[PDB]
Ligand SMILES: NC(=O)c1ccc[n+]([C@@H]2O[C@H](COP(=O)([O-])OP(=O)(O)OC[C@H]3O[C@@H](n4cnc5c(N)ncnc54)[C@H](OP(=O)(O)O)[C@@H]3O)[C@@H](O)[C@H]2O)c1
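Next up is one chain by itself, shown in structure tokens, the form deposited without the named molecule.
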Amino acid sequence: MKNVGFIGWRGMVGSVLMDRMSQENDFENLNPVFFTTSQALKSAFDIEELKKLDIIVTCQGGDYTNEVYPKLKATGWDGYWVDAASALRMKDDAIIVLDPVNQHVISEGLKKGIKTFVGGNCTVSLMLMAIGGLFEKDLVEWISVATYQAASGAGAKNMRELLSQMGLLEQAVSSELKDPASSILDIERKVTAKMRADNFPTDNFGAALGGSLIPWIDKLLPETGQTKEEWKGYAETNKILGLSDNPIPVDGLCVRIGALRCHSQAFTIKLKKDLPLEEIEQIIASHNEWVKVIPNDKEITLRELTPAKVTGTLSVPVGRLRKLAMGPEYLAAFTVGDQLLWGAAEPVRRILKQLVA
């Protein structure tokens, strides 16, 4: 059996991985070695210890990767590096994994001798898992996106801050709310007042999230005006599909909203050919076993297409499908997916399963 070392397995992403791996009994087929950065298991900074492993799975982070990775491969280490961090995604000797979408790219890479595999951007993979079928048929000319991103994508503390913010907003009018005859505008003035108060906790987002939203995620790229988050749309979608030569335009705005762990996305998809809505749906639905097409019905949409429904599950619903007024080659679509699963730990867990097979 393969000797696999794990780093950052105690973090939030790492913990989801450990849990999913237990659930699927992945540990039965490999020999796990756990590392730590603490000086209170092996040291994550001991290159010789890591050098003995066949595979390394890290959820530790980019700083860790940029530090340890170059050293280890510099020793001649011929093993596999499976990383969740973005650090290596855009390396020539690396491949971005999303096997239900790009297995063919993964296989060929393994044969080509690639030894570094990295999970991709959460919003990008959640998009591909949803509308992968369209890409598989080369039916996508371009795609405009508007995202509704969860706090988990920013971190555990960001999630807690969001929750604290929600608490304080309500507390500011807890009694008024109980009084069924109370004034709505007065309640409103008070909650907005607290949202704006000096003691309203916004250290992590740099702005209120609960009761609001933030149309900016990550650093700005002066070159295009996009934020790194929005940039990853074009860059990562194509590297995953292996189309850096004939790049499919993917762009839009990435916005943070008060959700815990599911990212939702509104798509304006330009199809290369006018096809009947029903044929589009069938194509969408048959690409993989997780995507789920939700009928353009109100009650079903309210029960299925929301963070409330998909949180903590591997289901990737896509609905509100219809043609847009701009023309029969313009498709509207809305999807919801869990950020910590297909958006983080799952792709990692699945490339590992293949490597130890």
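Just count from 1 along the sequence shown to find any residue number.
Not pictured, yet referred to below: the form deposited with the named molecule bound.
Indicate whether the named molecule has at least one heavy atom within 4.5 Å of a heavy atom of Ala84 in the bound PDB entry. Yes, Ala84 sits close enough to the named molecule in the bound PDB entry that at least one of its heavy atoms falls within 4.5 Å.
Can you tell me whether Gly62 touches the named molecule? I mean in the bound PDB entry, with a 4.5 angstroms heavy atom cut-off. So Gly62 counts as contacting the named molecule.
Although the named molecule is absent from this view, report whether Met12 comes within 4.5 Å of it in the bound PDB entry, heavy atoms only. Although the named molecule is absent here, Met12 would touch it in the bound PDB entry, with heavy atoms inside 4.5 Å.
Consider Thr301 of the chain shown here, and say whether it contacts the named molecule in the bound PDB entry, taking contact as heavy atoms within 4.5 Å. Output for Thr301 is no: heavy atoms all beyond 4.5 Å of the named molecule.
In the bound PDB entry, which of the listed residues (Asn66, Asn31, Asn296, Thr37) lies with a heavy atom within 4.5 Å of the named molecule? Partner contact (heavy atom, 4.5 Å) among the options: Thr37.
Using a 4.5 Å heavy atom cut-off, which stretch among 272-280, 186-194, 84-92, 134-142 contacts the named molecule in the bound PDB entry? Among the listed stretches, the partner-contacting one is 84-92.
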